[PDB]
Each structure stands twice: as structure tokens, then as C-alpha cells.
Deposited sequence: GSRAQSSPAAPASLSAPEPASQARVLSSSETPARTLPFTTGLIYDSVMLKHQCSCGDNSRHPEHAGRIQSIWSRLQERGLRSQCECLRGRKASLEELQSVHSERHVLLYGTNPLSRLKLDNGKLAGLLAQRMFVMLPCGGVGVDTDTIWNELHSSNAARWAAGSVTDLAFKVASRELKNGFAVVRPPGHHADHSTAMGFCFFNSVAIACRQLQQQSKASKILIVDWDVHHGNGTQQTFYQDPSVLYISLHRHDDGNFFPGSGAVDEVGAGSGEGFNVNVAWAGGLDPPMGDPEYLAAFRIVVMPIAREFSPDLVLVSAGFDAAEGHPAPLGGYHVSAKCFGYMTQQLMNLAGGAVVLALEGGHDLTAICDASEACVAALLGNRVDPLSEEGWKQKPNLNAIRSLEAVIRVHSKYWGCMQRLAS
């Protein structure tokens, strides 16, 4: 296998859809990964990468993060809740195809894991997983927010249990808080979880991920929530996220010094997502640049896994810029006006809260 960027995609994951067939009512649709996959070929990036199909996660791999009851319910064939539209699901948003959802969720978990091992073993330089359904909301014993199994958390656990990576950084720049990922690794100091999300004092899904939530026991200080407050006005975009990377994400990541970086790469903070889905204005160039910054860690061992993002144009633009970054294309910070603007007052106050809390744990957060 050649030493380039890896891409994960398979049609099995397209099968996850409600029986009613309305992709408008169920916005986490197959078109999401389908559009990105073809977009990468149209732009010429896909042929440059080593394209893999992935695999099903074993029941044992799913149980490394989730409970036995959870894995029996969503992981196995029955032969071994009603919705307004008529289909079955765990809740109104999180649908369940009785023939295909389990297989698609297990494939997303297995494929992110398979890609992480190849990047960890250094067969691949880095990778991008075009997977669905998403994972970072799925906790130990709860499927929620379009998520069933936490693919990124499962990939992380398997890397540790097979001794392929000592320290692992999980970065989650999806606009929503990865409640599942935070819970899984809350007491583990060998995993560092840094989330950037719209918090607005608990009035935004899932409602968790406050700045005070720093971890527990041995894992105290190794959970970093960059919880944005203040609202949508003034606009949250590139200057705020760039500032977040300069001041919080990269300094803590460098002080932690991971052996492998996993990215819950949601693109619902991008332009084209109105409230209450996101309401943020992060450009595609910023996503690709944030990717480029993470490639400086762990000797380039970086793996992105798709999470959220609805607007087809926005997530395709952003996915393109991240894959290009992975392939070695560099973004010149001086080439874009607007990046010269300072971050807004709401973002500064939010980062002030992050610094004040984590000054107890990190040297780069300790000031006079």
C-alpha cells in the first residue's frame, strides 16, 4: 500500500435511510457522502488518494465503547419507536432502517478504525473517512442526534488496546458538542479531547460541553471544551476559529504531544447552515487550514472522519479543502482578507473562560 492519503467510502452506508423516503424531512441523507465522493473525483483529488472500502466493526470493537445492551440493540440481527412519518427510529431525528441502519453504522465504525490503524502503522500518511451515519453524539448506552455508534471513539479505543498509539488527540470541530466522545474518555489522560462548539449556555444541542467540564480523576484537564457563547451576532467564522487554534487547540495539543490525531470532522459550522442547525460562517479554506495545522502534530498521523454538515455545497467545499490539505497543498494565510480581522468580543470572552479554567492544568494556559 502506497504512502499517501487514504479515502474511505462504500455504498453500504448509502443504505441508511428512513422507509418514508423523504430526504428533506430526514436531512442526514445518503446524498451527503455521495456528493462529497463524486466531488472529489470531479476536482481530481480522489485519484491521488488510496481509496479503501473499509469493513464492518466487530461486536467486540463496538463493545469497547458501548454497553452490551446497546450493541445487541443496534449491532446484531433481531433473529438471533413509531414516528410521525411512519418509519421506525430511536427518536424523531434519529431514524432506524430495520434492514440497513445497523450495517451502515457498523461499517462507519469499522472503516474509521481500519483507516486509523493504517495511518497509525504508517502505511498511510493520513486519511479522510467519508462515512455516515455520524457517531460523536452516541454515548455508552444511548443512540441520539443521528448517531448510533461513536466511530471515532471506537477507533481511538482500538488503537490503544492493540498498542498502536500511546497518546491520542481527538479534535472535534463539528458545531455540536460530541457528548459521546467526552463521556467515553472523561477519566482517561492518554486521550485528549478538544471540542469547538456553539454552547450558548446550554441552549443548543446536545446542551453539554461547558468550559467547566475538564475531565475527572486521572483525566482531569484532558477534556477541553471551547464552548462559544454570546449567540450568532456578531458572526462566528474564520477569525474566531483561527484564534481558537492559535490560543487553545495547538498549544495544548503540542504540550500533550500525541502519537496520532483523530478528527470528528463535521462541517455544520460552515457557511450555508442557518439557525438552529449552526448559524456560523466558517469558510472551506479555514477547514483545510485547520487540517494543515493538525498535520504538524504526531509526525503527520492525522485521520478525519465525517460527522455533521447538511448544505451540499458547503460540506463539499470544506471536504475538498481538507483532502487537499491532507495531500500536501498549503493555504497561504495572507491570501485571504477577513483573516486580518480580529475575533469578535463574544469569542474572546469564551476563550477567556477556557484559559481561566485550564490554567490549573496546562502550562501554555498559565499566565500572570
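- Residues of the deposited sequence missing from the coordinate set occupy positions 1 to 35, 116 to 133, 422 to 423.
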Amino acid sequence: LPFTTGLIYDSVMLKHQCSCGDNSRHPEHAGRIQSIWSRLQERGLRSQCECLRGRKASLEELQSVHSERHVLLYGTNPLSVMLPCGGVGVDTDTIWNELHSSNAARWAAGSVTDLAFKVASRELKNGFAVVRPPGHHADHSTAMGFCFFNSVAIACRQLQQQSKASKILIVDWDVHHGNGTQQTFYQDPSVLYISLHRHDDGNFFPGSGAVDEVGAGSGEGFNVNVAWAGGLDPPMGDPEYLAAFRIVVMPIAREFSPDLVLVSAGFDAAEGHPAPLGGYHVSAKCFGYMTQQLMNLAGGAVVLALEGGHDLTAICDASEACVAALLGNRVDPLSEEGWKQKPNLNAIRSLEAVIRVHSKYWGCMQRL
From here on, numbers count along this sequence of modelled residues.
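Take the two forms, superpose them, and find the largest set of C-alpha atoms that agree within 1.5 Å; that set is the rigid core.
- With every structure aligned by its rigid core, 2 to 10 is the stretch of 359 to 367 and 2 to 10 whose CA positions lie farther away in 4 other deposited structures of this protein.
- Taking 208 to 216 and 161 to 169 in turn, the stretch whose Cα atoms are more displaced from the shown form in 4 other deposited structures of this protein following rigid core superposition is 161 to 169.
- For the segment pair 315 to 323 and 333 to 341, the entry gives 333 to 341 the higher mean B-factor, averaged over Cα atoms.
- Of all the options 81, 99, 105, 224, the entry's greatest CA B-factor is assigned to 81.
- The entry lists a Cα temperature factor for residue 90 that places it in the highest third of the chain's modelled residues.
- When the modelled residues of the chain are ordered by C-alpha B-factor, residue 190 sits in the lowest third.
- Residue-level temperature factors show residue 234 in the middle third of its chain, judged at the C-alpha atom.
- Placement of the Cα temperature factor of residue 150 within the chain: lowest third of the modelled residues, per the deposited record.
- Placement of the Cα temperature factor of residue 296 within the chain: middle third of the modelled residues, per the deposited record.
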